[PDB]
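Here's the structure we're looking at; comments come further down.
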Amino acid sequence: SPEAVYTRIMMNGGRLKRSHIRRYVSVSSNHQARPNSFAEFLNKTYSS
RNA sequence: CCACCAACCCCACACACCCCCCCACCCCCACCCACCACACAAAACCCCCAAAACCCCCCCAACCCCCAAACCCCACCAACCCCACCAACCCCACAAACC
């Protein structure tokens, strides 16, 4: 539900969960990231 | 570093479907005598003349030490980011855009 997601974001203080970051990096890293793509952004932003 | 409509297994004649099959067969077994890729005997350390045996030795000797003065592969001065044109800086920008 929209209400469920919103509360869950509020509970974590509007900050990404570590699992969210793990998922983003695993997708971005296992891809031939294009110059200004979303993959490149994900890779450059969350990598350590 | 999406896209022709549409269809969207690099599926589909039928019959079929072990890269099975002639039969006898079926150790890439078999003549016999054999059967250590053993063997003349004498004999077997790829041992031996003696004298010997550091691939030791003339002596002086014995740092691949030494003129002297010396001894940072220091030193003119000015210096001393292998900094510096300004304007200033994403190796950003027409617009429209952005599998």
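By order of appearance in the structure tokens: chains A, B, ..., then residues from 1 within every chain, and ligands from 1 in the order shown.
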Discussion item. Distance limit 10 Å, atoms considered: only C-alpha atoms (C1' of nucleotides). Which chain A residues sit that close to chain B? Return them as a list in words.
Written reply: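 For chain A, the answer reads residues 34, 36 and 37 of chain A.
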Practice prompt. From a DSSP pass on the backbone, collect the residues of chain A flagged as helix (DSSP H, G or I) and hand them back as a ChimeraX atom specification.
Written response: /A:2-11,18-29,38-45
Take the residues from that selection and put them in a file with N, CA and C atoms, as a tab-separated table (two decimals), in the first residue's frame.
```tsv
chain	number	residue	atom	x	y	z
A	2	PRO	N	0.40	2.37	-0.52
A	2	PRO	CA	1.21	3.59	-0.40
A	2	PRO	C	1.52	3.93	1.04
A	3	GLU	N	0.53	3.77	1.91
A	3	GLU	CA	0.67	4.15	3.31
A	3	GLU	C	1.77	3.33	3.99
A	4	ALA	N	1.86	2.04	3.66
A	4	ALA	CA	2.88	1.16	4.24
A	4	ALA	C	4.27	1.57	3.83
A	5	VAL	N	4.45	1.85	2.54
A	5	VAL	CA	5.78	2.23	2.11
A	5	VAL	C	6.17	3.53	2.78
A	6	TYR	N	5.26	4.51	2.78
A	6	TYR	CA	5.59	5.82	3.33
A	6	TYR	C	6.04	5.72	4.77
A	7	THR	N	5.30	4.95	5.59
A	7	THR	CA	5.68	4.81	6.99
A	7	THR	C	7.04	4.13	7.12
A	8	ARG	N	7.30	3.12	6.28
A	8	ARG	CA	8.58	2.41	6.35
A	8	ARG	C	9.74	3.37	6.05
A	9	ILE	N	9.56	4.27	5.06
A	9	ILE	CA	10.58	5.29	4.76
A	9	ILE	C	10.77	6.22	5.95
A	10	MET	N	9.67	6.64	6.58
A	10	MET	CA	9.74	7.52	7.73
A	10	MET	C	10.44	6.84	8.90
A	11	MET	N	10.18	5.54	9.10
A	11	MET	CA	10.84	4.82	10.19
A	11	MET	C	12.36	4.81	10.00
A	18	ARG	N	20.61	-0.44	3.97
A	18	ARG	CA	21.83	-1.04	3.45
A	18	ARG	C	21.50	-2.03	2.35
A	19	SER	N	20.41	-2.79	2.52
A	19	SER	CA	20.00	-3.74	1.50
A	19	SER	C	19.66	-3.04	0.19
A	20	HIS	N	18.97	-1.90	0.25
A	20	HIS	CA	18.72	-1.13	-0.97
A	20	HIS	C	20.04	-0.82	-1.66
A	21	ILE	N	21.02	-0.35	-0.89
A	21	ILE	CA	22.32	-0.05	-1.48
A	21	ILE	C	22.97	-1.31	-2.01
A	22	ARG	N	22.89	-2.42	-1.27
A	22	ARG	CA	23.47	-3.65	-1.81
A	22	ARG	C	22.85	-4.01	-3.14
A	23	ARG	N	21.53	-3.94	-3.22
A	23	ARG	CA	20.87	-4.28	-4.47
A	23	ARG	C	21.28	-3.35	-5.61
A	24	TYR	N	21.31	-2.04	-5.36
A	24	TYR	CA	21.69	-1.10	-6.41
A	24	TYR	C	23.08	-1.39	-6.96
A	25	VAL	N	24.04	-1.61	-6.07
A	25	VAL	CA	25.42	-1.83	-6.50
A	25	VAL	C	25.56	-3.13	-7.27
A	26	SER	N	24.92	-4.19	-6.78
A	26	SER	CA	25.02	-5.47	-7.46
A	26	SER	C	24.47	-5.36	-8.87
A	27	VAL	N	23.37	-4.64	-9.05
A	27	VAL	CA	22.86	-4.48	-10.41
A	27	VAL	C	23.80	-3.63	-11.23
A	28	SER	N	24.23	-2.50	-10.68
A	28	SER	CA	25.02	-1.58	-11.49
A	28	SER	C	26.38	-2.18	-11.84
A	29	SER	N	27.01	-2.86	-10.88
A	29	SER	CA	28.36	-3.37	-11.10
A	29	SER	C	28.37	-4.49	-12.14
A	38	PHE	N	22.00	5.65	-15.88
A	38	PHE	CA	21.61	5.39	-14.50
A	38	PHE	C	22.57	4.40	-13.84
A	39	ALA	N	23.06	3.42	-14.61
A	39	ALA	CA	24.04	2.48	-14.06
A	39	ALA	C	25.30	3.20	-13.65
A	40	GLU	N	25.79	4.11	-14.48
A	40	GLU	CA	26.98	4.85	-14.10
A	40	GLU	C	26.73	5.67	-12.85
A	41	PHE	N	25.57	6.33	-12.78
A	41	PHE	CA	25.24	7.10	-11.59
A	41	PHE	C	25.23	6.21	-10.36
A	42	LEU	N	24.58	5.05	-10.46
A	42	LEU	CA	24.49	4.18	-9.30
A	42	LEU	C	25.88	3.74	-8.87
A	43	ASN	N	26.71	3.40	-9.85
A	43	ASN	CA	28.06	2.94	-9.58
A	43	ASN	C	28.90	4.03	-8.93
A	44	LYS	N	28.89	5.24	-9.51
A	44	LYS	CA	29.68	6.35	-8.98
A	44	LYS	C	29.19	6.78	-7.61
A	45	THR	N	27.89	6.64	-7.35
A	45	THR	CA	27.36	7.13	-6.09
A	45	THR	C	27.57	6.14	-4.95
```
Discussion item. Please compute the atom CA of residue 15 of chain A-atom CA of residue 46 of chain A distance, one decimal, in Å.
Written reply: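 Those two atoms sit 13.2 Å apart.
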